[PDB]
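Below is one structure, written out as structure tokens; the observations come after it.
Both backbone and side-chain heavy atoms feed into the values below; hydrogens, waters and symmetry mates do not. Proteins come first, then strands; the chains are lettered A, B, ... in the order of their sequence lines, and each starts at number 1.
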Amino acid sequence: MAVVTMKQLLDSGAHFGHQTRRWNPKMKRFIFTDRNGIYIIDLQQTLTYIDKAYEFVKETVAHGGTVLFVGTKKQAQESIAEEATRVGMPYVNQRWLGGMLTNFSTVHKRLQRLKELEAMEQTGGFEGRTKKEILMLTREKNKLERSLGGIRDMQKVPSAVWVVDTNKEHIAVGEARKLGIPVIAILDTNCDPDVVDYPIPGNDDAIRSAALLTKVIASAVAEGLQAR
RNA sequence: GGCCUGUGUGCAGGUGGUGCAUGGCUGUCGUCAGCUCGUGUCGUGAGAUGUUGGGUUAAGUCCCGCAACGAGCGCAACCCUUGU
């Protein structure tokens, strides 16, 4: 079962991959052909694996669970932010700090610092805070927001992750597979299916495709919530 | 009770030794800006990362990046004096 299909999928350009000289030949299971020097992806496999991952995220969220959206790539980051802001789920789209989920104690302590600074802002304490103090702490708040702002309310150690461009975000994949978390991911030709559990073999270098895949995963988690 | 008196007894006393047994204090590299730690990660491991890289700074000062995130001692500032 899929909310979308080949037509409204390849309207974007998800069927594309990368050139024939940058690819993991584990992808052969998902290769369709080679055209214009790039490989083309088996969208039937993408549909059945979309169904797999949809059922996965649905049952996890219904049992009580959370997905971390990670799309630091420029091609996807704004869409990732949009869907994650809509559904109200944790996300990062600017940078992955090494240790977000495996040094989560420390990263959560710095989230507590962010909330302390936001309570400071609520108090509007500006007169006891000198000028360089105000400016350096605003810069620090902006750093903490750019990095962790998408997960202000996390305190989870979550149950799933949603990756764009494993090659770009190999740190999150390693942290997940080290801590025992499942990762759904957009598998392009340059990616590795051995690390991804419930993949989604689309394009990562295409903004429309990444937005579309984030949208269907967003809808899946929304229905997993509505099933509560 | 104090005070001495001696019998002495304990013992005081030693600027007598060892600063290669020691504290304390000090010098010194150097007021140089560096030295470290927790967690995480990499590595069989010693260890590495952080703390490297680009730029900037008097400065590990700060920024941008970055499997690192942070913290601490140091930097700077708080102090005195001089200058309106």
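One N or O on the side chain of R208(A) and one on the backbone of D11(A) form a donor-acceptor pair closer than 3.5 Å. No side-chain donor-acceptor contact under 3.5 Å links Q226(A) to the backbone of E223(A). One N or O on the side chain of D165(A) and one on the backbone of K168(A) form a donor-acceptor pair closer than 3.5 Å. Side chain of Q155(A) to backbone of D153(A): a donor-acceptor contact under 3.5 angstrom is found. With hydrogens and angles ignored, the 3.5 Å screen pairs no side-chain donor or acceptor of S209(A) with any backbone N or O of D205(A). Side-chain atoms of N93(A) never come within 3.5 Å of backbone atoms of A81(A) as a donor-acceptor pair (strictly under, hydrogens ignored). A distance-only check finds a donor-acceptor pair linking the side chain of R177(A) to the backbone of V195(A) [under 3.5 Å]. Within the 3.5 Å criterion, the main-chain N or O of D188(A) finds no donor-acceptor partner in the side chain of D204(A). Not a single donor-acceptor pair under 3.5 Å links the side chain of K156(A) to the backbone N or O of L68(A). The main-chain N or O of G17(A) is never found under 3.5 Å from a side-chain atom of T189(A) such that the two would form a donor-acceptor pair.
Rounding to the nearest 0.5 angstrom, the gap separating the CD atom in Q77(A) from the CD1 atom in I80(A) is 9.5 Å. Atom CG of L9(A) is separated from atom CG of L47(A) by 6.5 Å, given to the nearest 0.5 angstrom. In this structure, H108(A) NE2 and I151(A) CD1 are separated by 10.0 Å, a value rounded to the nearest 0.5 Å. Remark: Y91(A) OH to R152(A) CZ distance equals 6.0 Å, nearest 0.5 Å. Here the OG1-CD1 distance, from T46(A) to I186(A), works out to 11.0 Å after rounding to the nearest 0.5 Å. Atom CZ of residue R110(A) and atom CD of residue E116(A) lie 9.5 Å apart, to the nearest 0.5 angstrom.
When side chains are defined from C-beta on, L43(A) does not count as touching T5(A), because their heavy atoms never get closer than 4.5 Å. Two residues are said to be in side-chain contact when any heavy atoms from C-beta on lie closer than 4.5 Å; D192(A) and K26(A) meet this criterion. Residues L148(A) and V107(A) are in side-chain contact: their nearest non-hydrogen atoms beyond the backbone lie under 4.5 Å apart. Side-chain contact between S147(A) and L97(A): present, with at least one pair of heavy atoms (C-beta onward) separated by less than 4.5 Å. For the pair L187(A) and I200(A), the minimum side-chain heavy-atom distance is 4.5 Å or more. Two residues are said to be in side-chain contact when any heavy atoms from C-beta on lie closer than 4.5 Å; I40(A) and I31(A) fail this criterion. Side-chain contact check for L101(A) versus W96(A): some heavy-atom pair is nearer than 4.5 Å. Between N103(A) and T106(A) there is a side-chain heavy-atom pair separated by less than 4.5 Å.
Residue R228(A) places its CZ atom among more than 12 non-hydrogen atoms of other residues, nucleotides or ligands, all under 6.0 Å distant. By the neighbour-count criterion of 12 heavy atoms within 6.0 Å, atom CE of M136(A) is sparsely surrounded, having that number or fewer from other residues, nucleotides or ligands.
What you find for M27(A) and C191(A) is that their closest heavy atoms are CG-O, 4.5 Å. The shortest non-hydrogen separation linking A206(A) to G13(A) is CB-O, 4.3 Å. Residue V196(A) comes nearest to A185(A) through the heavy atom pair CG2-CB, 3.5 Å, listed as atom of the first residue, atom of the second, then distance. Closest heavy-atom contact between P182(A) and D197(A): CA-OD2, 3.3 Å. Of all non-hydrogen atoms in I181(A) and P158(A), the two that sit nearest each other are CG1-O, 3.7 Å. In terms of heavy-atom proximity, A222(A) sits nearest to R86(A) at CB-NH1, 4.4 Å.
Note: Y39(A) and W23(A) have perpendicular aromatic rings, judged against thresholds of 30 and 60 degrees for the angle between ring planes.
There is a path of hydrophobic side-chain contacts, each under 4.5 Å, that joins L114(A) to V92(A). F126(A) and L117(A) are assigned to two separate hydrophobic clusters, defined by single-linkage of ILVMFWY side chains at heavy-atom distances under 4.5 Å. When hydrophobic clusters are built by joining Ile, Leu, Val, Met, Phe, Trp and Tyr residues whose side-chain heavy atoms come closer than 4.5 Å, directly or via intermediates, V164(A) is grouped together with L213(A). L144(A) and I134(A) are not part of a single hydrophobic cluster, where members link through side-chain heavy atoms under 4.5 Å apart. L225(A) and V216(A) end up in the same hydrophobic cluster when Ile, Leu, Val, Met, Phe, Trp and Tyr side chains are linked at under 4.5 Å.
Neither side chain, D42(A) nor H15(A), offers a donor N or O lying under 3.5 Å from an acceptor on the other. Remark: the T166(A) side chain and the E169(A) side chain contain no N/O donor-acceptor pair separated by less than 3.5 Å.
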Problem set entry | Residue pair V163(A), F69(A): steps toward the side-chain contact (heavy atoms from CB on, under 4.5 Å) verdict | CA-CA 7 Å; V163(A) 174; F69(A) 283 60; over 6 Å; no

Problem set entry | side-chain contact (heavy atoms from CB on, under 4.5 Å) between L179(A) and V157(A), worked out | CA-CA 9 Å; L179(A) 193 57; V157(A) 194; 4.1 Å; yes

Exercise. Step by step, would you call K143(A) with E140(A) a salt bridge (charged side-chain N to carboxylate O under 4.0 Å, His left out)?
Worked result: CA-CA 5 Å; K143(A) 189 240 186 184; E140(A) 190 142 40; over 6 Å; no

Problem set entry | Candidate pair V161(A) and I184(A), rule side-chain contact (heavy atoms from CB on, under 4.5 Å), full reasoning | CA-CA 6 Å; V161(A) 192; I184(A) 50 162; over 6 Å; no

For this session: Take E118(A) and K141(A) through the salt bridge (charged side-chain N to carboxylate O under 4.0 Å, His left out) test and state the conclusion after the steps.
Result: CA-CA 8 Å; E118(A) 291 279 25; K141(A) 285 173 71 63; 3.2 Å; yes

Problem set entry | Derivation of the side-chain contact (heavy atoms from CB on, under 4.5 Å) call for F32(A) and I41(A) | CA-CA 5 Å; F32(A) 190 90; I41(A) 303 158; 5.9 Å; no

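For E175(A) and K178(A), the salt-bridge test fails: no basic side-chain N is under 4.0 Å from an acidic carboxylate O.
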